[PDB]
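# Understanding the architecture of this molecule
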Amino acid sequence: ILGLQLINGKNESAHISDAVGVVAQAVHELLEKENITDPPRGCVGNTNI
Amino acid sequence: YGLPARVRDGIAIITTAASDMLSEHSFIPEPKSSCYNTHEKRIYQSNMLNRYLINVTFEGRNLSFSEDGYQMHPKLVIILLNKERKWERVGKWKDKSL
Amino acid sequence: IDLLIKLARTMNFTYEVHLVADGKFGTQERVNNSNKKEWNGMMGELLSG
Amino acid sequence: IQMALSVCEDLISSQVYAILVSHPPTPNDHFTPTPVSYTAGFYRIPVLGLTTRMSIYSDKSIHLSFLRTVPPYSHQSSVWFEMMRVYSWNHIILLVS
Amino acid sequence: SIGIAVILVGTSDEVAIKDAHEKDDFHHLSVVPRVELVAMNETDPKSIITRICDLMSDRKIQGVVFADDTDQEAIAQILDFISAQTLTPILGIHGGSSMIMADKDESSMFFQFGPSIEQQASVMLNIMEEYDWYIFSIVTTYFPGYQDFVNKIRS
Ligand SMILES: *[C@@H]1O[C@H](CO)[C@@H](O)[C@H](O)[C@H]1NC(C)=O
C-alpha cells in the first residue's frame, strides 16, 4: 500500500509560531491606515459590523 | 397571505405531522427536555417523524416541502417601480398560470 | 459481418456480436432533470463500456 | 452546545480580532470549529485555522472568512497528477467514496 | 400533549395574533397544540441561544414556528444552526427567517416560506415569453446560489 504523508502536520504547537508570524506585518500594514473601527460591544449590545 | 394566517397555517403544519404519527406508529418519542443530554438520548431519533412531515395538509391543500426546504406550489407576485418610489401590484402567479 | 471476419484474421483478436438493446442508432437527448445530455441506442453503448 | 454560550459572552466582549481553531482529541471528529465559525462569521470576524483538514469550509459560500494554514484532504490530487506522469502511467482506475 | 412555541421580533399586537390561536376545531384528531406567545427583540443571537433551551427545559415542546420582522442577511444561517444541532423542527415564515440560502445539513430539519432560487429563474423567463422579450443578457456576482440560477437558464 503506497501512500504519502505531510511533515509537522499533527504538532499543533509548531504551527502556532507560524500563526503569529504571518500576522506580525499584517497588523502593522493595517495599523498605518485611516478610519480604524472597533469590534462590536458584546453579543447583545451591537448587531452591526 | 397575512401573518395571522401564516401562524394559523404554520401551526397546522406541525399538528398534522406529530399527532398523525400516533395513528400508525402509536409511539410518541420523549426527548430529554434539557439543554444537554442530546448525544445520549439519540435512540429516540426523528427520522421516522421526518419521513412524513413534508406532506402536510390543512383542510385540503398541497403543501409538500422540497428536501432543500422550499414550497412546491408557492404564491408569487410581480412588482414594478413607479414615479414616486412605490412598488405597485402588476401580476400574480397561481399554479403555473400567469 | 463479412468485413468483421476479415479484421479478425488479420489482427488475431477474438470477438462476439450482440444486437442493440432498443433498436435505434443514436442521438443526444436531454434527461428530465437539469441539462444533462446522454446518448441512446447503439451510439451510447460504446461509451458505457 | 455550551461553546456558543462562551463565544458570545466571553470572547467578542474582549475585543478579539483573530481566533485560532482548536484541535479535537480524536481526528475523526468534525464539528470542532462548527459552532465558533458561525458566530464568528456573523460579524465578519476573520478566523485563522490551525487544525482543519475538512474541505467543507473552503466552498466560499459558507464560512466565507475561514482561513487556515493546513491544507485539507482535497489537495492530495495535485501530487497524484505528477507522480503518475513521471512514473509513465496514463491509465488510472479511480475509486472514490 | 405537545407544546408549541412561537417567537416574533418587531412591532405588532400580541393579543390580536393570539386571539385566533384558540380557534381551531380539531376534534378530528386530538392535537392539543399548547401555543405559547413569546415576543421579544431577539435579533441578537445572545437572546436566541438562552431562550431556545429555556423553552424546552420549561415546557416539553416538539415543534417550533419562528417569525420575524428583520432584514438581517445572516439570521437564517445561525437559525439553521440551532435546527442543525437539534431534532426539533423549526420553520421560518417572515422577515430574515425566509431569506434564500443554498444548502441544508442532513440533521437540519429547517424549512422556509419563500420563493425557490430555481423557481424564480423559471418564473422570470415565463414573463419574458408573454411580452416577447426574446433577447437578454445576464450579469451576476458571487453569492450562495448563483451557479444553480444559471443552470436553469441554459437548460
Ligand atoms: C496472433 O496470435 C497468435 C496466437 O494467439 C500468434 O501466432 C501471433 O501473435 C498472431 N498470429 C499470426 C500473426 O499469424
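Structure first, text after, so check above.
The text that follows walks through the structure, step by step, so that each part is easy to find. Sequence order sets the numbers: each chain starts from 1, possibly unlike the entry numbering, and residues with no coordinates are not included. Starting at A for chains and at 1 for ligands, labels are handed out in the order in which the entities are written. All values in this description refer to the chains shown, which are themselves only part of a larger assembly. Side-chain figures throughout are based on the complete set of non-hydrogen atoms in the structure, without hydrogens or water. Residues with missing side-chain atoms are left out of burial classes, side-chain pairs and their counts.

### Things to note about the overall build of chain A
Scanning chain A from terminus to terminus reveals one helix and zero strands. A buried classification covers 10% of the 49 residues belonging to chain A. Residue burial considers only the protein chains on display, and all accessible areas are found by Shrake-Rupley using a 1.4 Å probe. When the accessible area of chain A is evaluated, it comes to approximately 4,300 Å², of which 59% is carbon and sulfur surface. Each helix corresponds to a stretch of at least 4 residues labelled H or I by DSSP, and each strand to a stretch of at least 2 residues labelled E; elements are numbered beginning at the N terminus. For the exposure calls, accessible area comes from a 1.4 Å probe over protein chains only, and a residue counts as buried if that area is under 20% of its type's maximum, exposed if over 50%, partly exposed in between.

### Some details on the overall build of chain D
A tally of regular secondary structure across chain D gives three helices and two strands. Secondary structure elements in chain D, listed N-terminal to C-terminal, are α-α-β-β-α. The globule rule puts the C-alpha radius of gyration for 97 residues at 13 Å, and the 18 Å found for chain D is more than 25% above it. Seen through its principal axes, chain D has C-alpha atoms that stretch 60 × 25 × 20 Å. Taken over 97 residues, chain D has a buried fraction of 29%. Contacts are assigned to residue pairs that have any heavy atoms within 4.5 Å of one another. Within chain D, contacts between residues at least 6 apart in sequence are counted, and of these 41% link residues at least 24 apart. Here chain D displays about 6,700 Å² of accessible surface, and carbon together with sulfur accounts for 63% of that area. The charge count treats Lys and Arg as positive and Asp and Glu as negative. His and the chain ends do not count. Every charge is mapped onto a representative atom, which is NZ of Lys, CZ of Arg, CG of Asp or CD of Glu. If the 5 positive side-chain charges of chain D are averaged to one point and the 5 negative ones to another, these points end up 14 Å apart. We compute the radius of gyration from the C-alpha atoms alone; for a globule the expected value is 2.2 Å times N to the 0.38, where N is the number of residues.

### A short note on the arrangement of the chains
Here six pairs of chains are in contact, and chains B and E lead that list by number of contacts. Taking C-alpha atoms as the reference, chain B and chain C come no closer than 15 Å and do not contact one another.

### Comments concerning the nonpolar core
A general trend in soluble globular proteins is that nonpolar side chains are found buried together. Counting residues in hydrophobic clusters, the biggest one holds 15 residues, and the most contacted among them are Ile13 and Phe65 of chain B together with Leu91 and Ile93 of chain E. Secondary-structure elements contributing two or more residues to this core are α1 (3–24) of chain B together with β1 (2–8) of chain E. The biggest single contributor to this core is α1 of chain B, with three residues. Not counting chain neighbours up to four residues away, the residues in contact with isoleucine 13 of chain B comprise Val56, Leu63 and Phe65 of chain B together with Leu91 and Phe113 of chain E. Counting twelve residues, the second-largest nonpolar core is a separate cluster that includes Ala5, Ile7, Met56 and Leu79 of chain E. Buried residues of nine kinds, namely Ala, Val, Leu, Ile, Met, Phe, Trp, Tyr and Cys, make up a nonpolar core once their side-chain atoms join them within 4.5 Å.

### A short note on empty space enclosed by the protein
Of the voids in this model, the largest cavity is the one considered here, and its volume is about 140 Å³. In this analysis a 1.4 Å probe is tested at points of a 1 Å grid over the protein atoms alone, and where it fits but cannot get out there is a cavity; an open set with protein on both sides within 12 Å along at least five of seven lines is a pocket; lining residues have an atom within 4 Å of a point. The wall of the largest cavity is formed by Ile13, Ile14, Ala17, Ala18, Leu49, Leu53, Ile54 and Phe65 of chain B together with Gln62, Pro89, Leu91 and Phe111 of chain E. When residues in the lining of the largest cavity are grouped by element, the largest group, four residues, is from α1 of chain B. Ten residue types, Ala, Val, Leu, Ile, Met, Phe, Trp, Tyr, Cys and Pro, are classed as nonpolar, four, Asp, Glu, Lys and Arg, as charged, and the remainder, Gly among them, as polar. Per-class residue counts for the lining of the largest cavity are eleven nonpolar, one polar and no charged. Grid points are joined across faces, edges and corners, and a volume is the space filled by probe spheres set on the points.

### Concerning the pairing of strand β2 (residues 33–39) of chain E
Residues and elements named next belong to chain E. Pairing geometry for β1 and β2, over seven bridges, is parallel. Note on β2: the bridge partner recorded for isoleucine 2 is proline 33. By convention, orient the strands away from the viewer: a clockwise path from the first strand over the helix to the second makes the crossover right-handed. Each parallel crossover has a hand, and the one from β1 via helix α1 (residues 14–19) to β2 is right-handed. Note on pairing: two strands pair once DSSP finds at least 2 bridges between them.

### Quick word on unusual backbone geometry
The backbone phi angle of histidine 63 of chain D is positive, close to 55°, even though this residue is not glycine. With respect to the element layout, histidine 63 of chain D can be found in the loop between β1 (47–49) and β2 (66–68). Among the residues examined, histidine 63 of chain D registers a relative accessible area of 11% and is labelled buried. Not every positive phi belongs to a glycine, and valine 32 of chain E is a case in point at roughly 50°. What makes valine 32 of chain E partly exposed here is its relative accessible area of 38%.

### Digging into the pairing of strand β3 (residues 61–66) of chain E
All names here are of chain E. The element β3 is extensively covered by neighbouring structure, given that six of its six residues are classed as buried. The sheet contact formed by β1 and β3 spans five bridges and is parallel. Bridge pairing in β3 links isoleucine 4 to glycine 63. Bridge count between β3 and strand β4 (residues 90–92): three bridges; the pairing is parallel. The residue of β4 that forms the bridge with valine 64 is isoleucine 90. On the question of chirality, the crossover connecting β3 to the parallel β4 by way of helix α3 (residues 75–85) is right-handed.

### Comments concerning the pattern of salt bridges
A pair is scored as a salt bridge if a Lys or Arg side-chain nitrogen falls within 4 Å of a carboxyl oxygen belonging to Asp or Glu. In the structure shown here, the tally under the stated rule is two salt bridges over all chains. One salt bridge in this structure joins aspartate 9 of chain B and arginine 61 of chain B, with 3.4 Å as the shortest N-O distance. Highlighted residues: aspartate 9 of chain B in helix α1 and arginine 61 of chain B in the loop between α2 (47–51) and β1 (76–80), separated in sequence by 52 residues. A salt bridge links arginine 85 of chain D to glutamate 82 of chain D; the nearest nitrogen and oxygen atoms lie 3.3 Å apart. With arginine 85 of chain D and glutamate 82 of chain D both in helix α3 (residues 77–86) and three residues apart, the pair spans about one turn of that helix.

### A short note on the packing of helix α4 (residues 117–130) of chain E against helix α5 (residues 146–154) of chain E
Residue and element names in this part refer to chain E. Interaxial angle, 0 to 180 degrees, is taken between N-to-C directions of lines fitted to C-alpha atoms, where a helix line uses only the stretch in contact. Where α4 contacts α5, the two axes come as close as 9 Å, and the packing angle between them is 40°. When the interaxial angle is binned, α4 and α5 end up oblique. In this structure, the crossing between α4 and α5 has a hand that is right-handed. On α5, the residues touching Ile117, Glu118, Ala121, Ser122, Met124 and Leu125 of α4 are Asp148, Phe149, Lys152 and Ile153. Of the residues contributing to the contact of α4 with α5, the split by class is six nonpolar, one polar and three charged. Each angle is binned into one of four classes, with values under 35 degrees roughly parallel, values over 145 roughly antiparallel, values of 65 to 115 roughly perpendicular, and all other values oblique. Crossings are assigned a handedness: left-handed for a near helix turned anticlockwise from the far helix by less than a right angle, right-handed for a clockwise turn.

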